[PDB]
Every structure is written in structure tokens, then in C-alpha cells.
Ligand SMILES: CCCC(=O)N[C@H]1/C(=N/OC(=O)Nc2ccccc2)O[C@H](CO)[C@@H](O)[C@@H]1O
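Given next, in C-alpha cells, is a single chain: the form solved without the ligand.
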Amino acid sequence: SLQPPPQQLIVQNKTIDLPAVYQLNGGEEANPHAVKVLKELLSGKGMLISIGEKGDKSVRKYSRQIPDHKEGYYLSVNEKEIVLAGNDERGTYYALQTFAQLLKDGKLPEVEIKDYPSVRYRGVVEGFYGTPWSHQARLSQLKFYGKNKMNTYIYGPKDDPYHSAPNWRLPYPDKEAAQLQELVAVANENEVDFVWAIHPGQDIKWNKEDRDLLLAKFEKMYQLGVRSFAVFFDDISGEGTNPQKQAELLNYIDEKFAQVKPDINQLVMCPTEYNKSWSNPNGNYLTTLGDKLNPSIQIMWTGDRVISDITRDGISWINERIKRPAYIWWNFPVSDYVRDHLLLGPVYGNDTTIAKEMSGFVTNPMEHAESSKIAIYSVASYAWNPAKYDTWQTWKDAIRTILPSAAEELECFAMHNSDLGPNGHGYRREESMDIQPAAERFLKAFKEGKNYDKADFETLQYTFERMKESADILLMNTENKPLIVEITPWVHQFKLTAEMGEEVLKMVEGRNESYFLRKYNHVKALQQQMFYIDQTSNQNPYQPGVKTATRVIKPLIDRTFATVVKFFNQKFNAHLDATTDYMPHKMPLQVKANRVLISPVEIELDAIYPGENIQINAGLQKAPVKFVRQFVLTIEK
């Protein structure tokens, strides 16, 4: 079950045993990163094992089987010998990572593998807004990239003041600097290019002073061990957006720094026009870059829109203007504009035949580093072997990789936490696809008053039961504590969702008047609990709170609840309230942080608050306020 899937694989239906008696060959002269891993795998343990790079004495016999590609390797296992041979040092390390996935309980299959990546640079750009990844999280990421053959980590958290304006001019303080030094050492050991990016555009002056401060900063990062560099000009305005100046600065960094040090690897830039919708097809910006930028400098691209999947026509369009294959910055699973959602679905939508048209493929992920590993593991597989990329199987493999102790539970949670909900970027993902038809029918019948299928009722019922099992097991899981810490508030909200659905379904059955009323009041309590989570957890300034199962599950529950309530009201001349989200203030009102808003004559708050201002479309100077007669009211809470 190899991830990424190799270019070529020939399996023999025999198996062999990892030799306790073995002779090692090429150990001294192969990539030391690859040898270390081999030795960990052969721990406390005569069969021939030959390891080396094309050109080493050890692997002379196989030089014609080693693929002629950067990062390529040949791998083979039989009764007599094991071969691990890279076109180059990174290739040998990649052989070892493939070999590690073949070893299962001291047993190896008989296989012959020729393998190499279809895309040259593959990995992660930590390039989102929000809380930057923790130091420990980054340490974990770099190991994960090594294991999955991602060779690129671009460091560029938008809210790191030493990366963006104005402190991009200042060297990192000692503590952050020793942490970065450590990240580079760890990157180098897992064969990952640590790429340090800088984001100076918003207040850069095009003078010598700013140019030398930038080069002075790159020099300080070089002292920390950094060997690849990027300059980002995304999401800025003003003079920094000038294409001629941008190119001159980049060429100057190229000529006076990248092409002058002994050992610099990647030099990459991100344009102000970084996707088609944000480009001016009649303006000179992209063609200037394409014509003026030195040919070894990479140019990044997010596709047809800020958030978008990569199409053949889309990348043709950019490649023809920039005069080189774009280096893709893919904006998924980044959730910095839908901060109340987790995006845990599969990676899909990118053309799988366009490898030759791209220099690079990196994923911009969520501020939730462990949770992002599902998409990241999948991107590593897509970028290495797009031809064979399998969306759903890779998603499942990622999950079982990340949380083998509770894979089905995490699968359950992930598959109902995938869509983004409505947003201004217009990007959406599928969610809850398996149960969607059953949901769809149940709610057709029910609404129009025709009878639903029992098996559809039970499917819904089975799902809620499963959700509860997953939520509870994930909450207590101690295999990946950092992952659990990330998802926990979502897990609680997910459990509540499932209980609400069970209770709403008990209302549909509805023995008698007083059963129905017990169920109904329970539902109301559960709504209120969801509100309290949504108001107390993840209270960020942009999209505060906690949404889950939003595409299919919550709407089905809400709409079912509103419906039974209405039938009951008719049948009993009752006046039960049918509203679906709890709201403590009377008038659809909404609560966000200290705001109280009627969704874009009179409001009554659950209490007297000091008021702050009322924006329709006046300051309230702390006046006590309970009644009020865009429409956002801000209070002190």
C-alpha cells in the first residue's frame, strides 16, 4: 500500500524475512540520512544489502536500472539481496522511505521498484493568516514530509512580524532564531529544503536602504543554516506592487546572493497578481515578470481564483505569460477565511495529467497543523505520482497513518467535516456524500407529507450512533494528543449534532403527546449547548466559533425539527417554537463576540449591558442598554 505510489512496481507473490544475518555494502558512501534510517530498521540484527547513489561502487551492478531523474531510485528485494540505489542522495533517502512502508512484521515482499517524482518541488507553504504553527508542530511536520517525499517547506506565516511588515527588516530575536536554526537542522535530516520567505511589499521603499536591509536579513537567515529563499508580494497595495521593481529586486538577490553563495538551492517569488481573477489581462504586470525575471527564479500561482483547483487551461494561461512552468501554491486546506470550519476532506480537483506544466506544487494548510496532515499526505502523493493519484484511497491511507489506533473514528469525523460553507471565495467541497441521498429522500417524503422509507430512517439513525462513538473515542485518544487538542471543540459540537439528530428522529416516531414534548425540550437544550460552544470556543476576530456537519447533516436535522414541530402544532393546536438555533435575545438575530446582529422594529437582550455602538446600513458611550428600537449592536460583555 505504498504512498506515494511508485512510477513502476513489479511485485512477486513471495515474501522474504528481514535478515538478522546480513552484509551491508555501501554504508560508508551512501547518503548518511538514508543509512541512519536503514540502521534503525535493522536495529539489533549473511544476506546482501547494497545501498548507494549512482556512481558508488556498491550499486555499479544496477546503474542501468536506477531511473535517470532527480530524486529517482531503484529498489529490489529477493531471497539473496536487497538493493537501495538513488540517482542522487535524495533518491537514496526516498528508497529508504518506500522500503520502510514495505517492512511489515519483519517481512518484506519480493518487489522491484523504479520510482521518481513527476513534479520537481513538492510540499507545504506555511503561508496563511492566523496563529503560526507552534515550534513542536513544525518539528513534527518536517518528519512527516521526509516520510512522504515532500522536499519543500516554505516558511511564511502572514502574522509572523519578522516575516511581514514592518519587522521583516529586523533579525529574529535569539529565541526564535535558535528555534529556526533547529528547524533547518531537522529539515536537512529529512531531505526537505527549508525555504525562508519574506513579505516586504506593503512598506518596502525601492531605495538602497531597504534593498540592503532585505539582503542583510537573508544573510542573517543564511547564518541560521537556511539555503533557499522566497520573496512574497501577495495581498499588498501601493508601490510594492510595481512589476519592474519587483523583478529588479529579485534579479539583484539572484545575482548578488543566490548565484554568489556556495550552496543556495531554491529562489522563489509570489506575484501580486497571483491568480487569474486578480490579474489584469490588459495590464503589464505578469508579462513584465515573465520577460524580466531571471530564468532560475520560480513564480508562484494559486490558479484561476484566490482559492482554486489547478486545470490544464488554467496553468497554460499563466505559463504563457510568465514564460516558465508555474510553481503552484494551492490554497487548500487553508481555512483562514472560514475559521469556524475544519477542512478534513480528501484532496481532489487538480488535473492529474499536467505535471510537465508545473515546476512546483505546495499546499497552504490550516493553522491546525496535525489536522492538515490528511491534506498534506495527499498532496505528497498527488505531486509525486499524479498519473496514479487516488483521491479516496489516499485520504483513507493518510487517516490510518495519522491515527492508526482510531482510523475509522477519524474517518467518520473527517467525512462530515469537509465543506467550507458559503464564503466570498466561492470555494466548496463535498461533504457527507454517502448519506446524502437517504437524507434527501427522507426530507422529500416528510415535507410534502408522503411516507418515508424505513431503511432511510435507519441509515440516518446508524450515522448519528456512529458519530457519537467517533466523538467520544477521539476525545479520549492519547496516540496523537496534539491532533485531539486541535479538533476537540469540533468534536464536542459534532457529538451534540449527533444527539440532536437522534432526538429529532425520536420526535418523528413520536409515541404520544408527552414523549414528543420530552424529546422536543431535550432538543431545545441541545441547541442551547451548541450555541454555548459556538460562543465560547475558537473566539477569533474573523469567523468565531464552531461549525460542523454543515453541508447535509445539520440542515437535515434543522429542517426535520422545524417540520415535526409544525405538524404537532396543527395536530394539537399547540404553539411550540420551531426555530432551530438557540438565541438568548428576542426580536434571525445573531451573536458574534460582543456583537448582536439581525442577519444582513425592536431587539430585547437577555439583560442590561453597557452599550458601545449601533451600526445600521452612533457611539453609545457605555449607556446601560437592554431594548433597541446591516444592523449590528456592540456591547461590553
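Don't overthink the numbering: it's just position in the shown sequence, from 1.
Same protein, other form: the form deposited with the ligand bound, not shown, and the subject of what follows.
Honest question, do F128, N331 and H425 all end up within 4.5 Å of the ligand in the bound PDB entry by heavy atom distance?
Answer is yes for this spot.
At 4.5 Å between heavy atoms, is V546 in contact with the ligand in the bound PDB entry?
No.
Given that the ligand is not shown alongside this chain, does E431 nevertheless sit within 4.5 Å of it in the bound PDB entry, heavy atom to heavy atom?
No, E431 is distant from the partner.
With the partner left out here, check for me: in the bound PDB entry, does some heavy atom of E503 sit within 4.5 Å of the ligand?
Judged by the heavy-atom cut-off of 4.5 Å, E503 is well away from the ligand in the bound PDB entry.
Non-hydrogen atom contact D336 with the ligand in the bound PDB entry at 4.5 angstroms:
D336 belongs to the contact set for the ligand.
Exactly one of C270, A375, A498, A95 has a non-hydrogen atom within 4.5 Å of the ligand in the bound PDB entry; which residue is it?
Of the candidates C270, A375, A498, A95, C270 is the one lying within 4.5 Å of the ligand in the bound PDB entry.
Please identify the residue among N417, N148, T363, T302 with any heavy atom within 4.5 Å of the ligand in the bound PDB entry.
Of the candidates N417, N148, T363, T302, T302 is the one lying within 4.5 Å of the ligand in the bound PDB entry.
Go through 85-93, 304-312, 473-481, 285-293 and give me the stretch that gets within 4.5 Å of the ligand in the bound PDB entry, heavy atoms only.
Partner-contacting stretch among the options: 304-312.
Though the partner is not shown here, which residues of 515-553 have a heavy atom within 4.5 Å of the ligand in the bound PDB entry?
Contacting residues: none.
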